[PDB]
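Protein chains in written order, with the authors' numbering: chain 7, 109 to 296; chain 16, 45 to 218; chain 10, 38 to 206; chain 11, 34 to 224; chain 12, 32 to 204; chain 8, 58 to 270.
A short write-up of the structure that comes next.
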Ligand code: CLA
Ligand code: CLA
Ligand code: CLA
Ligand code: CLA
Ligand code: CLA
Ligand code: CLA
Ligand code: CLA
Ligand code: KC1
């Protein structure tokens, strides 16, 4: 049986289309890793966390570069968010350190939930029970569509958040005016 | 196939002293009949187009914005082609090309078991469906075209070498 | 095997005949080197035959380039040292042709059935079909090839001592 | 085997001349196939070489126009000079002015590279259809635009063996002819 | 083949190089849709050069600083250059949605499905009398075949003068 | 004095078809499309597993045939050089239009010939992005050679399933082999053709522009 994404390659044996974004795209065989505290559960939890962090980072850039910083943080004034971080750190550094320790407690608890959820079987990877509106209660076909839409928007936002870091740390302008610069440079 | 085709007349029955009909295949003879007929139809328009341009009759009144029809009626018709504008000769060479491109690409080519080239535009072709009357008519197209092939070679042997024909070369047009 | 007939007497040695001519005796001292010796004799023979034509033809006609002219190089004997960029391209493409014969040189014994000197090279088909004059066709290549091995030493030193044209003085 | 090949005929008494026979008694059937092919091909260029000399010793350069002032065989001068090479400036009228042997020296180096490339294509089709596809007819290069070779078929018919012998012989005439016509361009030896 | 639309009276089916059998049936179906899209683009391109080359232009302002007065003053092939960069971004964006929608039909035209139909406004054209749609598909392709020669002649006349004899002293070229 | 490796490399019964005085290599069978028996240095008969360059032999016991590795490398050399010789000439205006990207980094006033385009865009940064984009495809397509070396895959060499216009959908095996031979033959010519253009412009005689002589 061949991979859908790479039809010249065989299907990776631990990927069977059960997870949401599974089209058999593992050419390096990384889903077969089972040694240094890392397996398919750990990589799926890492993918989903990289999905959700990058999804929030993209709209977190596009909120400030369109509507400005939040009130109490009007000292930013820079569209480059890699530089606007250091103006908030320059004036109100305690709230960033408030969030970074609040993340530190959340992430250390999530690291226990990952390794206890792997040893047992009562936790899907990336699952925290955070469904307060309750989309997962009915229409399992429509709930698997939301599981696939999270992965599809999250895999796209991974490139976008990594790009906005890198083309913010190299052009020092901001994402949306990097976009206008590219539009006038490559117009035909 | 040379027995079953037109061109056989009463003075010379099947005139082929070099036996070039049976030299190749039937596609070689079908190329030869398509080349005798195409040389016939060009030379028939050539013999007519030399005589009605040596008679002085012409179209009114201006061929181009700079070149009149009457300025080409004064010179000989073999030198009138040198004074046709380059944009006009390109118009002629395009419609001749587009007729030769169509007749060799209309289906079931003449070198195969197909018909000889017909009228490109407009496509009617005026042919009699009676095979006893049509066979004589295309026997008439060939030897009228055979005589016109000798005739236009006599018109260029009178316009290049002075003399070479008794009933011409005394005429300021031929 | 094919080169040992005669009568062809040895000059400056009036008693010896060239039939089975081997005074040092390489055939009995080392018979396993004999297919290597025939391959080496033919390669010495075929290179010396083109060297003889190549030493007398640029005396009269030259290739139309103007660094090969008579005004550029009148003598053939200094053309090797005067056209260095012309020699590397001869040396480079022979080096390619010689490198494709190393697996044939590595199997010159009883490895595979290639006769020494046989490169399967007969595009014009001039090798005869009957076998008894194939041997004299092989003998003609050896006798003309041995002669050009002698002659190219006489041609070069005949032109190095006496700078002159073709025959010599 | 050479004295029972195709190209022998009545004009040497139905046997091949002995010095030309002497090179090919003890030779392979590929040897007589090679020399038959090189005879026809040398006859093939030499036949084109005559008409290429007849329009060069005359002034029948481009453009061709059988009327007067049209650079035909009767009146060989032109009025248009159709510009063989625009970047050089040379026309077809300049070629017909100098000489038969000066004509090839006005053609630019890129002009011969267009000719030698499609001749290089053609000699590759000629080698494939004759030697790789080992055709039993010497010189049969698969080129028959009008389909003469579909005659009976095939090659074992009177019309093609007569045409094969007429081709070699008219190439045999033109081989000495261009050698004699370029002789008078080189040296007075019209004996 | 002849049962396909584009085969017509003078040369039908016209394929001297036998390009229809160079691939499979899905290759020919890609060749048909590409001929149909090259035709529709060039018919808009031949007319867009003929209309803007005369002086027919919209009244008013194209943008805040570019009117239609200045773009009609130029020959059309460089009139695209003075269109604003937000103007080509609007044009290329709707073509991107148009190319994405006609590709994402449930059966691909390479696999026998429908060729690109209208996106906005999305008039249905299914049951429009297959005999009349057969003749009108031939006139779509034949007018496409002629306009592709026409726009290639207009660009060739605009840069190499005298390439076409009918457009030598034309001031739009 | 040991048994010579010469015997395991050559056929010793058959001759090479392209070089008739040499014996045929053991792996050259005439099954591959461009096969005319041409291997005078016997590089198809090298007993090394060359997929060790991608995943080492110490990782697990695997082995790819040398002819499979060489054809996969020949086809990649063919397809790169066909695009590269075309890409060198199209950005130099050899086909009339000097094809450039709409950006002014790639304009002819910034980069005059394709000879100067490598060093100008390593410094700018376009070549570094190409090495990321190519290296992503090479990590995702080069791992099938490990799958072939383990005996798990029946993939032919250079045989991704990339026929987007489906020229070989319903075709027979001798016309697929003809089409695979035309890829190999045009690829082998374009490899020598790229060798011509990259070297003739690199001489101190010059002519960085077309026709590069
Ligand atoms: C040049 C064009 C041309 C062509 C292609 C043909 C072809 C044919 N003719 Mg026609 N013919 C022609 C001109 C031509 N003819 C002219 C001008 C005359 C009047 C003299 C005739 C009188 C004639 C008669 C009475 C008959 C034919 C017949 C035929 C058919 C017999 C097969 C054959 O032998 O082919 C010929 C092969 C060719 C390659 C064409 C000949 C071209 C030669 C080889 C070039 C050299 C000629 C040479 C320069 C002399 C010309 C001098 C010039 C200055 C006047 C064939 C279809 C026969 C027929 O139709 O049977 C049903 C038949 O009975 N022809
Ligand atoms: C990757 C995510 C991310 C990061 C690192 C930042 C970082 C920043 N934002 Mg941005 N922002 C984000 C997403 C993000 N934002 C999103 C999703 C939006 C809405 C679209 C915004 C809208 C926004 C506005 C309007 C402004 C900022 C501003 C800022 C800067 C100061 C704010 C601060 O330090 O709060 C301190 C941190 C906290 C108060 C708490 C953080 C959240 C905690 C950790 C809960 C997280 C829960 C998690 C999301 C889900 C549950 C996890 C687990 C149970 C599974 C800082 C650099 C301000 C600025 O200065 O711009 C220059 C500003 O005006 N942000
Ligand atoms: C053999 C081919 C031929 C060629 C190359 C020429 C070339 C020329 N002709 Mg001539 N001409 C010809 C034959 C030819 N003619 C024939 C057959 C006739 C009788 C109709 C004429 C009657 C004619 C007149 C009255 C005039 C010219 C003129 C000219 C000159 C320029 C204008 C033009 O091309 O219109 C020429 C028009 C044609 C060639 C149309 C014939 C071709 C058609 C499209 C195909 C068949 C149509 C149809 C069946 C009816 C006519 C055929 C038949 C009844 C004769 C140019 C030198 C002009 C000139 O300057 O004279 C000195 C001019 O005033 N021609
Ligand atoms: C160079 C072109 C060429 C070639 C390859 C051949 C080849 C052949 N001819 Mg042909 N032949 C030729 C030209 C050629 N001939 C010419 C110009 C004539 C006079 C019309 C003939 C007349 C002729 C007849 C009557 C016969 C042949 C036959 C043959 C075949 C038997 C071998 C032989 O007799 O020739 C041997 C070929 C050579 C010796 C090639 C070398 C050519 C010269 C000697 C090289 C040296 C040239 C020198 C440096 C300078 C030029 C001087 C020169 C112009 C005098 C062979 C296929 C016989 C046949 O067809 O049997 C089937 C036969 O009966 N030939
Ligand atoms: C975008 C270009 C394009 C494409 C993809 C097609 C495709 C097709 N044509 Mg169409 N055609 C075109 C342009 C095109 N055509 C133009 C401009 C004309 C007017 C000359 C025609 C006239 C025409 C006719 C009369 C017929 C077709 C037919 C066909 C079908 C033939 C089967 C085939 O496989 O050919 C594949 C074709 C290609 C792959 C074309 C690609 C371009 C080639 C490879 C190079 C061309 C360069 C060219 C020499 C430059 C000239 C410049 C130009 C301005 C003159 C196929 C769907 C037949 C049909 O519709 O049957 C259903 C049919 O009867 N065509
Ligand atoms: C004088 C000429 C004239 C013509 C030819 C028409 C013809 C038409 N009008 Mg009428 N109309 C006229 C005068 C005319 N009208 C006048 C003078 C007024 C002002 C009083 C109107 C006001 C009017 C209204 C309010 C409506 C029409 C509609 C129609 C269409 C009815 C048939 C149909 O549904 O086809 C199918 C429709 C078409 C072929 C038109 C295609 C339109 C394209 C796709 C663009 C759509 C743009 C639109 C604003 C999009 C809005 C939604 C979008 C934002 C999501 C028909 C095309 C109706 C219509 O089009 O509904 C479907 C309609 O609702 N007309
Ligand atoms: C071997 C192939 C090859 C390579 C290495 C290059 C290299 C280059 N090109 Mg050229 N080019 C090529 C072929 C190639 N070209 C071809 C075939 C064309 C069409 C004729 C072009 C058309 C072209 C233009 C118009 C221009 C260049 C330019 C350049 C330079 C910068 C491009 C860049 O960095 O943007 C990055 C490029 C991309 C991101 C494109 C996507 C590349 C993909 C990811 C490569 C792999 C996909 C491959 C095609 C198929 C994968 C097969 C696999 C799945 C098995 C660079 C030297 C520019 C220049 O500076 O000229 C002086 C320029 O203006 N190229
Ligand atoms: C039906 C479409 C059509 C139009 C609209 C049209 C128009 C003009 N043609 Mg005509 N024409 C054909 C058709 C058409 N022509 C066809 C099918 C043929 C081949 C049978 C043909 C032959 C010639 C020749 C020999 C000459 C020629 C000319 C002109 C010129 C008038 C003077 C001018 O304004 O320049 C105008 C614009 C003369 C010329 O172009 O001189 C440079 C000229 O010498 N044409």
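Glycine residues also receive a C-beta, built at the ideal position from the N, C-alpha and C atoms.
Nonlocal neighbours in the same chain, by C-beta distance under 6 Å from residue i, ignoring five residues either side
i: residue 47 (chain 8); result: Chain 8 is shown only over 58 to 270; residue 47 (chain 8) falls outside these bounds and no answer can be derived.
i: residue 72 (chain 10); result: 145, 153
i: residue 174 (chain 8); result: 168
i: residue 164 (chain 16); result: 143, 146
i: residue 129 (chain 8); result: 214, 215
Any chain 12 beta carbon closer than 8 Å to residue i
i: residue 97 (chain 16); result: no
i: residue 158 (chain 16); result: no
i: residue 219 (chain 8); result: no
i: residue 62 (chain 8); result: no
i: residue 253 (chain 7); result: no
i: residue 223 (chain 8); result: yes
Close-in-space but distant-in-sequence residues of the same chain around residue i (CB under 7 Å, 5 per side omitted)
i: residue 155 (chain 16); result: 71, 74, 75
i: residue 181 (chain 8); result: 162
i: residue 269 (chain 7); result: 162, 165, 166
i: residue 124 (chain 10); result: 117
i: residue 209 (chain 16); result: 198, 201, 202
Contact test: residue i Cβ vs ligand 7 heavy atom, cutoff 7 Å
i: residue 158 (chain 11); result: no
beta-carbon residue i near ligand 2 non-hydrogen atom, thresh 7 Å
i: residue 196 (chain 7); result: yes
i: residue 192 (chain 7); result: yes
Residue i: CB within 7 Å of a non-hydrogen atom of ligand 6
i: residue 132 (chain 12); result: no
i: residue 154 (chain 12); result: yes
Any non-hydrogen atom of ligand 3 closer than 7 Å to residue i Cβ
i: residue 113 (chain 11); result: no
i: residue 140 (chain 16); result: no
Which residues DSSP lists as bridging residue i, in chain order
i: residue 67 (chain 8); result: 82 (chain 8)
i: residue 118 (chain 7); result: 110 (chain 7)
i: residue 112 (chain 16); result: 106 (chain 16)
i: residue 92 (chain 12); result: 98 (chain 12)
i: residue 72 (chain 8); result: 80 (chain 8)
CB contact below 8 Å: residue i versus chain 16
i: residue 45 (chain 12); result: yes
Sequence-distant residues of its chain with Cβ nearer than 8 Å to residue i (five each side left out)
i: residue 148 (chain 12); result: 133, 156
Residue i beta carbon near ligand 1 (any heavy atom closer than 7 Å)
i: residue 49 (chain 16); result: yes
Heavy atom of ligand 8 within 7 Å of residue i beta-carbon
i: residue 131 (chain 16); result: yes
Residue-level contact to chain 8 via CB, residue i, 8 Å cutoff
i: residue 261 (chain 7); result: no
Proximity test, residue i beta-carbon vs ligand 4 heavy atom, cut-off 7 Å
i: residue 149 (chain 16); result: no
* Asked: Does the region 62-73 of chain 8 come within contact of the region 109-124 of chain 8, defined as at least 3 CB pairs closer than 8 Å?
  -> The count of Cβ pairs closer than 8 Å, one atom from the region 62-73 of chain 8 and one from the region 109-124 of chain 8, stays below three, leaving the stretches out of contact.
* To do: Decide if the region 202-221 of chain 7 is in contact with the region 131-150 of chain 7; the criterion is three or more beta carbon pairs, one per stretch, under 8 Å apart.
  => Verdict: no, contact absent.
* Contact the region 142-151 of chain 8 vs the region 255-269 of chain 8: 3+ CB pairs below 8 Å -> Yes: the two stretches touch, three or more of their Cβ pairs being nearer than 8 Å.
* Asked: Can at least three beta-carbon pairs, one atom from the region 171-180 of chain 10 and one from the region 95-113 of chain 10, be found at a separation below 8 Å?
  -> By the Cβ criterion, the region 171-180 of chain 10 is not in contact with the region 95-113 of chain 10, since fewer than three pairs of Cβ atoms, one from each stretch, lie closer than 8 Å.
* Asked: Between the region 111-129 of chain 11 and the region 86-99 of chain 11, do at least 3 Cβ pairs fall closer than 8 Å?
  -> Verdict: yes, contact present.
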